[PDB]
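Notes for the one structure printed next.
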Amino acid sequence: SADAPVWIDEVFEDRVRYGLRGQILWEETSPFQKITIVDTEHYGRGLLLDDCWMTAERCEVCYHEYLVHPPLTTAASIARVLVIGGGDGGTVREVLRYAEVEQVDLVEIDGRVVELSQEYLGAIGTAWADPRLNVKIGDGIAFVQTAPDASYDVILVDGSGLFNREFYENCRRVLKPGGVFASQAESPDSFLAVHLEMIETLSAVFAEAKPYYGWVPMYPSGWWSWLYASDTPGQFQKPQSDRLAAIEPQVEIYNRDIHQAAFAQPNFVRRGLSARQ
Amino acid sequence: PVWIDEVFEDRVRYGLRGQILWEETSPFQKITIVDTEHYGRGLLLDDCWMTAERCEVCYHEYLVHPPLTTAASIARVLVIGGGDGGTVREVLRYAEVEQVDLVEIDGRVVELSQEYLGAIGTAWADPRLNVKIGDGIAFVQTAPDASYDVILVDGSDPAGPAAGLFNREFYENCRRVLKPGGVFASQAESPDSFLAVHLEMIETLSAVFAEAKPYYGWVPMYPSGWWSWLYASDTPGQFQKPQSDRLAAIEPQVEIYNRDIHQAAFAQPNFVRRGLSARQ
Ligand SMILES: C[C@H](O)COCC(COC[C@@H](C)O)(COC[C@@H](C)O)COC[C@@H](C)O
Ligand SMILES: CSC[C@H]1O[C@@H](n2cnc3c(N)ncnc32)[C@H](O)[C@@H]1O
């Protein structure tokens, strides 16, 4: 292998590249994808899938805190949480910081991502042994189609077409009253058209769907987004005081002001959405 | 076409496919004008991305609107740096601005930006704009008390011609030069890629001015793409009081910035809040 640290580049559309100098600790192809475990100088250990940046030890909280804490502070209850994806273990770690959470089911199609993340990325996945976590290797899409009505308080998609309308309708069916759906919603910079289409799809399925915005330096443009959906309008703005007071002292980024801030929409998003109303 | 990279401490790189249109070394710095497939025509200084036609509003709207919406008066504005023209374009959107002084050390930056980056610098012809090729640090040392409503520092990283722009004596002269109710703003690097500098800037400016508050936004061509600016003034909380008449004239003319974006950008991550406490 390489004597010294190499440039590990994610190339976007053959015309942008973002790279981190680091060592390859392990690379294999699973039946689903190429998995590359790396040791970066700037961010520590991390993960690519099909030569795209997924995570790293010191650029992960910015993804995981934004996916998890806005839904978990606002859902009427948080006893039962479903994560679709979650392979690196950072989403379930954030979800398990809340004492009210009773069960988290993680459903990840590629068992090699979980094994390799548990073996090398333990500094990100600190909650694998939490007796509330149940890890299932299988298709996340089939799981929500096959799950009971009103069985989960929160549904988090931690992965990325196969997330179509029928999938999101199952999500609404499987959510309990007062419950929250959330997922990544691509870049308003690098994937605007898909960004807007996802907002429109979730707005047609749920009573309210709101995008929110933050930073992932290793994703295309570094300008990333999420989508919150519930069947109560204005729920996204009303985190529970007691959940905020408990979570704020345990996280690196998220607080009551970041929570309100992230939902401010840039004029170009507001305009792209009103063009289609 | 070739990869044009900004390399960040031999650890991180950000590249755009494109072509080199012009390169020279001035008495101050290496100037690179490029065309890029992804963001059109841009500017590197000493191999650091400064600007591009389709990646520039995220920087220029953030530097300019929060101070211009909030200063008690905006008749006289001083811009230090800003050779590419985008900062003064944003400033000159306001009807109540009467004069904008742009003090740029490197005349070649203004000339190459006028020749090649006219699509960013759309306001060079504004009669209210006076371009002065000189050092910003010397300019505010010389300027009289209470002579400007707004000072914007549109400079680069702390290493080379932009270095003195991060020092306490410069910040003291800026607070001296500002009129009552006026506003200072600077780019303040990245809380991901330059956390120690970002927090030192917050601390030094917080000491000089009654209040200084970081604010956060996006610049995909800058290291991490997670960027920041510093608001400072002699009125605590002035950053939360943007004027409705200024917002209603500006919002229709800008791609990102609005009332909600203005208030959101000041939300501080826990690790910035705690990092300022570790500093004490
Ligand atoms: C919100 C922003 O426009 C406020 O202006 C600040 C300010 C108003 O004074 C405060 C008031 C009497 O309690 C004070 O700035 C004082 C600093 C600079 O020491 C300035 O307004 C003064 C103009 C109208 O000359
Ligand atoms: C893309 S524009 C960034 C700008 O900051 C300018 N600059 C850096 N240091 C100073 C200084 N001390 N005085 C005036 N302009 C500066 C650079 O020459 C450039 O136009």
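Naming scheme: A, B, ... for chains in displayed order of the structure tokens; residues 1 onward per chain; ligands 1 onward as shown.
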
Practice problem: Write down, as a count of residues only, each residue of chain A that has any atom within 8 Å of an atom of chain B, counting only C-alpha atoms. | Solution: 35

Per residue of region 37-75 of chain B within 12 Å of region 242-247 of chain B, what are the shortest atom pair and its distance in Å to one decimal, counting only C-alpha atoms, with rows by chain and residue number, as CSV?
residue,atom,partner,partner_atom,distance
B:65,CA,B:247,CA,8.7
B:66,CA,B:242,CA,7.2
B:67,CA,B:242,CA,8.4
B:68,CA,B:246,CA,8.1
B:69,CA,B:242,CA,4.7
B:70,CA,B:242,CA,4.5
B:71,CA,B:242,CA,8.2
B:72,CA,B:243,CA,9.1
B:73,CA,B:243,CA,10.7
B:74,CA,B:246,CA,10.4

Practice problem: Produce as an MDAnalysis selection string the set of residues near ligand 2, where near means within 10 Å with only C-alpha atoms and all ligand atoms considered. | Solution: chainID B and resid 26 28:31 42:45 48:52 56 79:87 102:110 113 132:140 153:166 170

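Among the candidates B:123, B:77, B:232, B:248, the residue lying nearest to ligand 1 is B:232 (atoms considered: only C-alpha atoms and all ligand atoms).
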
Residues near residue 29 (chain A), cut-off 10 Å, only C-alpha atoms, skip fewer than 5 positions along chain, as a short mmCIF file (atom, residue, chain, number, x, y, z; two decimals) with C-alpha atoms, in the first residue's frame:
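Listing of selection.cif after writing:
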data_model
loop_
_atom_site.label_atom_id
_atom_site.label_comp_id
_atom_site.auth_asym_id
_atom_site.auth_seq_id
_atom_site.Cartn_x
_atom_site.Cartn_y
_atom_site.Cartn_z
CA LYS A 34 -17.00 -0.16 -1.73
CA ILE A 35 -16.24 0.65 1.96
CA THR A 36 -13.01 2.59 2.69
CA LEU A 49 -18.78 4.62 0.48
CA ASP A 50 -18.25 4.35 -3.33
CA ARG A 112 -20.17 -4.84 6.55
#

Exercise. List all protein, DNA and RNA residues that have at least one atom no more than 10 Å from any atom of ligand 1, counting only C-alpha atoms and all ligand atoms, and write them as a PyMOL selection string.
Key: chain B and resi 69-73+146+149+175+178-183+209-210+233-243

Self-check item: Long-range neighbours of residue 276 (chain A) as a ChimeraX atom specification, 12 Å cut-off, only C-alpha atoms, 2 positions minimum in chain
Solution: /A:193,196-197,199-200,269-274

Quiz item: as a list in words, which residues of region 43-99 of chain A does DSSP assign to strand (DSSP E or B)?
Solution: residues 44, 45, 46, 47, 48, 49, 52, 53, 54, 55, 56, 80, 81, 82, 83, 84 and 85 of chain A

Would you save the residues of that selection, restricted to C-alpha atoms, as a PDB file, in the first residue's frame?
ATOM      1  CA  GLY A  44      -9.040  11.502  12.384  1.00  0.00           C
ATOM      2  CA  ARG A  45     -10.699   8.194  11.360  1.00  0.00           C
ATOM      3  CA  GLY A  46     -13.505   8.115   8.824  1.00  0.00           C
ATOM      4  CA  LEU A  47     -15.476   6.285   6.159  1.00  0.00           C
ATOM      5  CA  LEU A  48     -16.154   6.621   2.425  1.00  0.00           C
ATOM      6  CA  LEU A  49     -18.785   4.620   0.477  1.00  0.00           C
ATOM      7  CA  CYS A  52     -17.778   9.559  -1.322  1.00  0.00           C
ATOM      8  CA  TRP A  53     -17.088  11.002   2.211  1.00  0.00           C
ATOM      9  CA  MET A  54     -19.586   9.638   4.802  1.00  0.00           C
ATOM     10  CA  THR A  55     -18.078  10.441   8.169  1.00  0.00           C
ATOM     11  CA  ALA A  56     -14.935  11.206  10.211  1.00  0.00           C
ATOM     12  CA  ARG A  80     -39.486   4.418  20.232  1.00  0.00           C
ATOM     13  CA  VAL A  81     -37.154   5.553  17.438  1.00  0.00           C
ATOM     14  CA  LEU A  82     -36.469   3.975  14.059  1.00  0.00           C
ATOM     15  CA  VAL A  83     -33.163   4.735  12.267  1.00  0.00           C
ATOM     16  CA  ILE A  84     -32.950   3.726   8.584  1.00  0.00           C
ATOM     17  CA  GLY A  85     -29.211   3.527   7.837  1.00  0.00           C
TER      18      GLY A  85
END

Exercise. Please provide the set of residues having any atom within 10 Å of residue 130 (chain A), restricted to only C-alpha atoms, with same-chain residues fewer than 5 positions apart removed, written as a list in words.
Key: residues 92, 93, 96, 103 and 104 of chain A

Output C-alpha atoms for every residue in that selection, as a compact mmCIF listing (two decimals), in the first residue's frame.
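For reference, selection01.txt as written:
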# COMPACT_ATOMS: atom_id res chain seq x y z
CA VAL A 92 -28.10 6.22 17.47
CA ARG A 93 -25.42 7.68 19.89
CA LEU A 96 -29.52 7.47 23.10
CA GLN A 103 -35.96 1.41 22.20
CA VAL A 104 -34.06 2.31 19.01

Quiz prompt | Secondary structure check, helix (DSSP H, G or I) residues of region 91-219 of chain B, as number ranges by chain | solution = B: 91, 107-116, 136-142, 163-166, 168-177, 195-208

Self-check item: Top pick for closest residue to residue 213 (chain B), considering B:195, B:250, B:20, B:276 and counting only C-alpha atoms
Solution: B:276

Self-check item: Polymer residues at most 8 Å from residue 41 (chain B), only C-alpha atoms, same-chain spacing of 5 or more positions, as number ranges by chain
Solution: B: 33-36, 52-53, 116-117

Find the residues near region 226-243 of chain A: any atom within 9 Å, counting only C-alpha atoms, skip ones fewer than 2 places away on the same chain, and give them as an mmCIF file with N, CA, C and O atoms, in the first residue's frame.
data_model
loop_
_atom_site.group_PDB
_atom_site.id
_atom_site.type_symbol
_atom_site.label_atom_id
_atom_site.label_comp_id
_atom_site.auth_asym_id
_atom_site.auth_seq_id
_atom_site.Cartn_x
_atom_site.Cartn_y
_atom_site.Cartn_z
ATOM 1 N N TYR A 66 -27.601 17.627 13.873
ATOM 2 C CA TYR A 66 -28.693 18.284 13.112
ATOM 3 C C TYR A 66 -29.799 17.271 12.722
ATOM 4 O O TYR A 66 -31.011 17.637 12.797
ATOM 5 N N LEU A 67 -29.434 16.036 12.372
ATOM 6 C CA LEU A 67 -30.432 15.017 12.045
ATOM 7 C C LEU A 67 -31.290 14.717 13.283
ATOM 8 O O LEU A 67 -32.490 14.504 13.142
ATOM 9 N N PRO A 70 -33.228 18.300 16.557
ATOM 10 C CA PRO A 70 -34.505 18.964 16.252
ATOM 11 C C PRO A 70 -35.744 18.081 16.315
ATOM 12 O O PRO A 70 -36.767 18.454 16.908
ATOM 13 N N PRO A 71 -35.744 16.852 15.774
ATOM 14 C CA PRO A 71 -36.865 15.963 16.019
ATOM 15 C C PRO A 71 -37.000 15.478 17.455
ATOM 16 O O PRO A 71 -38.174 15.364 17.930
ATOM 17 N N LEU A 72 -35.903 15.035 18.075
ATOM 18 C CA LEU A 72 -36.024 14.412 19.425
ATOM 19 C C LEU A 72 -36.436 15.451 20.472
ATOM 20 O O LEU A 72 -37.030 15.020 21.491
ATOM 21 N N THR A 73 -36.155 16.748 20.294
ATOM 22 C CA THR A 73 -36.610 17.771 21.298
ATOM 23 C C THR A 73 -38.064 18.173 21.077
ATOM 24 O O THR A 73 -38.658 18.687 22.042
ATOM 25 N N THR A 74 -38.628 17.844 19.914
ATOM 26 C CA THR A 74 -39.955 18.321 19.549
ATOM 27 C C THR A 74 -41.027 17.196 19.484
ATOM 28 O O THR A 74 -42.229 17.608 19.450
ATOM 29 N N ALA A 75 -40.687 15.906 19.299
ATOM 30 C CA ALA A 75 -41.694 14.848 19.106
ATOM 31 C C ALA A 75 -42.481 14.738 20.411
ATOM 32 O O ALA A 75 -41.882 14.902 21.513
ATOM 33 N N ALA A 76 -43.780 14.518 20.359
ATOM 34 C CA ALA A 76 -44.616 14.560 21.609
ATOM 35 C C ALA A 76 -44.103 13.507 22.561
ATOM 36 O O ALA A 76 -44.015 13.664 23.752
ATOM 37 N N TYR A 98 -30.859 10.672 25.313
ATOM 38 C CA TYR A 98 -32.130 11.053 25.964
ATOM 39 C C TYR A 98 -32.577 9.875 26.788
ATOM 40 O O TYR A 98 -32.594 8.709 26.340
ATOM 41 N N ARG A 172 -45.384 7.937 7.325
ATOM 42 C CA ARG A 172 -46.471 8.727 8.019
ATOM 43 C C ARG A 172 -47.381 7.732 8.681
ATOM 44 O O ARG A 172 -47.658 7.896 9.813
ATOM 45 N N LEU A 175 -45.656 6.377 11.786
ATOM 46 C CA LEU A 175 -45.355 7.320 12.871
ATOM 47 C C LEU A 175 -46.556 7.334 13.855
ATOM 48 O O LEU A 175 -47.655 7.357 13.481
ATOM 49 N N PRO A 177 -49.105 9.413 16.590
ATOM 50 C CA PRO A 177 -49.519 10.803 16.761
ATOM 51 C C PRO A 177 -48.526 11.585 17.615
ATOM 52 O O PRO A 177 -47.864 11.087 18.575
ATOM 53 N N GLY A 178 -48.277 12.780 17.119
ATOM 54 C CA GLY A 178 -47.270 13.690 17.681
ATOM 55 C C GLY A 178 -45.855 13.431 17.168
ATOM 56 O O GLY A 178 -44.967 14.124 17.621
ATOM 57 N N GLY A 179 -45.655 12.448 16.277
ATOM 58 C CA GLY A 179 -44.327 11.942 15.910
ATOM 59 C C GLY A 179 -43.688 12.765 14.830
ATOM 60 O O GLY A 179 -44.375 13.620 14.273
ATOM 61 N N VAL A 180 -42.387 12.566 14.614
ATOM 62 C CA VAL A 180 -41.549 13.344 13.688
ATOM 63 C C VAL A 180 -40.813 12.403 12.793
ATOM 64 O O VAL A 180 -40.156 11.401 13.290
ATOM 65 N N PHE A 181 -40.767 12.820 11.536
ATOM 66 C CA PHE A 181 -39.904 12.253 10.487
ATOM 67 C C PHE A 181 -38.781 13.242 10.228
ATOM 68 O O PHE A 181 -38.990 14.514 10.193
ATOM 69 N N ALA A 182 -37.560 12.754 10.048
ATOM 70 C CA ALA A 182 -36.473 13.641 9.603
ATOM 71 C C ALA A 182 -35.492 12.883 8.762
ATOM 72 O O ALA A 182 -35.304 11.692 9.047
ATOM 73 N N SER A 183 -34.978 13.539 7.736
ATOM 74 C CA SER A 183 -33.808 13.054 6.980
ATOM 75 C C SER A 183 -32.901 14.161 6.432
ATOM 76 O O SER A 183 -33.303 15.270 6.394
ATOM 77 N N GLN A 184 -31.713 13.799 6.004
ATOM 78 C CA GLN A 184 -30.849 14.654 5.186
ATOM 79 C C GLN A 184 -31.622 15.063 3.943
ATOM 80 O O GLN A 184 -32.559 14.363 3.494
ATOM 81 N N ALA A 185 -31.324 16.250 3.416
ATOM 82 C CA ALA A 185 -32.120 16.776 2.301
ATOM 83 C C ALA A 185 -31.185 17.391 1.245
ATOM 84 O O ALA A 185 -31.670 18.158 0.387
ATOM 85 N N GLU A 186 -29.991 16.830 1.148
ATOM 86 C CA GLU A 186 -28.903 17.173 0.171
ATOM 87 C C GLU A 186 -28.453 18.623 0.412
ATOM 88 O O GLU A 186 -28.610 19.089 1.518
ATOM 89 N N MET A 198 -37.648 17.198 -2.799
ATOM 90 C CA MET A 198 -37.865 16.447 -1.544
ATOM 91 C C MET A 198 -38.807 17.227 -0.627
ATOM 92 O O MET A 198 -39.649 16.625 0.028
ATOM 93 N N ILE A 199 -38.617 18.544 -0.518
ATOM 94 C CA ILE A 199 -39.521 19.428 0.289
ATOM 95 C C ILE A 199 -40.955 19.295 -0.226
ATOM 96 O O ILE A 199 -41.850 19.204 0.571
ATOM 97 N N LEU A 202 -42.407 15.627 0.640
ATOM 98 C CA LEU A 202 -42.804 15.502 2.075
ATOM 99 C C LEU A 202 -43.972 16.458 2.419
ATOM 100 O O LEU A 202 -44.712 16.149 3.289
ATOM 101 N N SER A 203 -44.065 17.645 1.800
ATOM 102 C CA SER A 203 -45.159 18.620 2.006
ATOM 103 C C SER A 203 -46.457 18.033 1.515
ATOM 104 O O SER A 203 -47.480 18.441 2.047
ATOM 105 N N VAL A 205 -47.119 14.739 1.560
ATOM 106 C CA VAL A 205 -47.489 13.582 2.406
ATOM 107 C C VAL A 205 -47.898 14.041 3.799
ATOM 108 O O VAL A 205 -48.819 13.490 4.384
ATOM 109 N N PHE A 206 -47.103 14.851 4.454
ATOM 110 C CA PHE A 206 -47.367 15.278 5.861
ATOM 111 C C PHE A 206 -48.131 16.627 5.881
ATOM 112 O O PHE A 206 -47.982 17.447 4.877
ATOM 113 N N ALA A 207 -48.716 17.006 7.020
ATOM 114 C CA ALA A 207 -49.381 18.344 7.207
ATOM 115 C C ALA A 207 -48.350 19.468 7.138
ATOM 116 O O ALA A 207 -48.598 20.424 6.484
ATOM 117 N N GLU A 208 -47.127 19.247 7.633
ATOM 118 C CA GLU A 208 -46.011 20.221 7.484
ATOM 119 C C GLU A 208 -44.635 19.542 7.275
ATOM 120 O O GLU A 208 -44.333 18.604 7.984
ATOM 121 N N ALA A 209 -43.826 20.101 6.380
ATOM 122 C CA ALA A 209 -42.462 19.714 6.057
ATOM 123 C C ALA A 209 -41.610 20.972 5.936
ATOM 124 O O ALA A 209 -41.967 21.886 5.170
ATOM 125 N N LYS A 210 -40.552 21.050 6.726
ATOM 126 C CA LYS A 210 -39.717 22.238 6.765
ATOM 127 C C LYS A 210 -38.294 21.835 6.560
ATOM 128 O O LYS A 210 -37.802 21.015 7.298
ATOM 129 N N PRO A 211 -37.555 22.507 5.661
ATOM 130 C CA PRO A 211 -36.124 22.276 5.592
ATOM 131 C C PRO A 211 -35.391 23.063 6.677
ATOM 132 O O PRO A 211 -35.886 24.015 7.136
ATOM 133 N N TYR A 212 -34.182 22.607 6.980
ATOM 134 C CA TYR A 212 -33.225 23.283 7.870
ATOM 135 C C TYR A 212 -31.832 22.959 7.424
ATOM 136 O O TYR A 212 -31.628 21.983 6.756
ATOM 137 N N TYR A 213 -30.920 23.836 7.791
ATOM 138 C CA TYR A 213 -29.610 24.074 7.134
ATOM 139 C C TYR A 213 -28.446 24.103 8.125
ATOM 140 O O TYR A 213 -28.656 24.447 9.279
ATOM 141 N N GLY A 214 -27.306 23.576 7.689
ATOM 142 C CA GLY A 214 -26.072 23.484 8.494
ATOM 143 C C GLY A 214 -24.888 23.086 7.666
ATOM 144 O O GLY A 214 -24.868 23.332 6.436
ATOM 145 N N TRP A 224 -25.014 21.813 3.780
ATOM 146 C CA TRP A 224 -25.939 20.653 3.839
ATOM 147 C C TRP A 224 -27.272 21.046 4.489
ATOM 148 O O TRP A 224 -27.422 22.196 5.032
ATOM 149 N N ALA A 245 -32.841 21.473 28.148
ATOM 150 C CA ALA A 245 -32.039 21.605 29.368
ATOM 151 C C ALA A 245 -31.215 20.332 29.546
ATOM 152 O O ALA A 245 -30.071 20.456 29.904
ATOM 153 N N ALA A 246 -31.715 19.126 29.255
ATOM 154 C CA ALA A 246 -30.958 17.861 29.445
ATOM 155 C C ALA A 246 -29.904 17.678 28.340
ATOM 156 O O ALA A 246 -28.871 17.097 28.580
ATOM 157 N N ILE A 247 -30.214 18.051 27.098
ATOM 158 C CA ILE A 247 -29.329 17.681 25.960
ATOM 159 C C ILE A 247 -28.212 18.730 25.802
ATOM 160 O O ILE A 247 -27.100 18.368 25.380
ATOM 161 N N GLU A 248 -28.503 20.004 26.060
ATOM 162 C CA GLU A 248 -27.582 21.122 25.659
ATOM 163 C C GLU A 248 -26.186 20.875 26.240
ATOM 164 O O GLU A 248 -25.211 20.944 25.522
ATOM 165 N N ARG A 256 -30.980 25.699 21.891
ATOM 166 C CA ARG A 256 -32.265 26.414 21.598
ATOM 167 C C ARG A 256 -32.126 27.460 20.463
ATOM 168 O O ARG A 256 -33.106 27.614 19.766
ATOM 169 N N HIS A 259 -31.369 25.635 17.128
ATOM 170 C CA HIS A 259 -32.613 24.974 16.734
ATOM 171 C C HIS A 259 -33.504 25.953 15.935
ATOM 172 O O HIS A 259 -34.044 25.547 14.863
ATOM 173 N N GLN A 260 -33.771 27.134 16.467
ATOM 174 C CA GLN A 260 -34.598 28.102 15.711
ATOM 175 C C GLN A 260 -33.847 28.525 14.427
ATOM 176 O O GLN A 260 -34.527 28.672 13.346
ATOM 177 N N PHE A 263 -33.752 26.634 10.651
ATOM 178 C CA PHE A 263 -34.948 26.629 9.800
ATOM 179 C C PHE A 263 -35.079 27.956 9.035
ATOM 180 O O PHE A 263 -35.954 27.971 8.221
#

Quiz item: Quick one, how far is CA of residue 125 (chain B) from CA of residue 40 (chain B)?
Solution: 22.9 Å

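Between residue 279 (chain B) and the candidates B:143, B:249, B:202, B:129, the tightest atom-to-atom separation, counting only C-alpha atoms, involves B:202.
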